[PDB]
Amino acid sequence: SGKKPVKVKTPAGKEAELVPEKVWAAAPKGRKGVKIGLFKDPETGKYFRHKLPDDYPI
DNA sequence: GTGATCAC
DNA sequence: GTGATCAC
């Protein structure tokens, strides 16, 4: 569960500040990987994933 | 190619 | 079972 809002571009193309429903890190052995959040487009109700800032707490 | 996640 | 999310 995320808490702080994230500036994302939604699939519908708009700039939004959304609270991710789930957050996690995806990274292979030996490498930094990326932090990802699961978001819900409030305008379409559809789910999408988006990169999180590197210092976003998991 | 590899990592995690889950709506679909 | 996978699309799609990114960085290395």
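Here is how names work: the chains are called A, B, and so on, in the same order as the sequence lines, proteins then strands, and each is numbered from 1. Scope of the values below: all heavy atoms of this structure, side chains included, with no hydrogens, waters or symmetry mates.
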Test: C:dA4 stacks on C:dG3 (six-ring centres under 5.5 Å, planes under 30°) =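 Pair C:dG3, C:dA4 comes out stacked.
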Are the six-membered base rings of B:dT5 and B:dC6 centred less than 5.5 Å apart, with their planes inclined by less than 30 degrees?
->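 Yes, the six-membered rings of B:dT5 and B:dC6 stack, since their centres lie under 5.5 Å apart and their planes differ by under 30°.
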Backbone N/O of A:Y56 and side chain of A:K35: donor-acceptor pair under 3.5 Å =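 At least one qualifying donor-acceptor pair exists.
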Which of these, A:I36, A:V8, A:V6, sits in a side chain to side chain contact (heavy atoms under 4.5 Å, CB included) with A:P20?
->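 Exactly one pass, corresponding to A:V6.
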Could you run down nucleotides 2-8 of chain B 5' to 3' and tag each one B, S or - for protein heavy-atom contact under 4.0 Å?
-> BBBBBS-
Ring pucker hemisphere for C:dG3, per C1'-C2'-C3'-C4' torsion =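 With a negative torsion about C1'-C2'-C3'-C4', the sugar belongs to the south class.
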Closest non-hydrogen atom pair, A:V23 against A:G37 |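 The pair with the smallest heavy-atom distance is CG1-CA, 4.3 Å.
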Give the minimum heavy-atom separation between A:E43 and A:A12, together with the two atoms involved.
->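 Heavy-atom minimum between the residues: OE1-CB, 3.4 Å.
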Charged N to carboxylate O below 4.0 Å: is that the case for A:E15 and A:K7?
->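 So A:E15 does not pair with A:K7 through a salt bridge.
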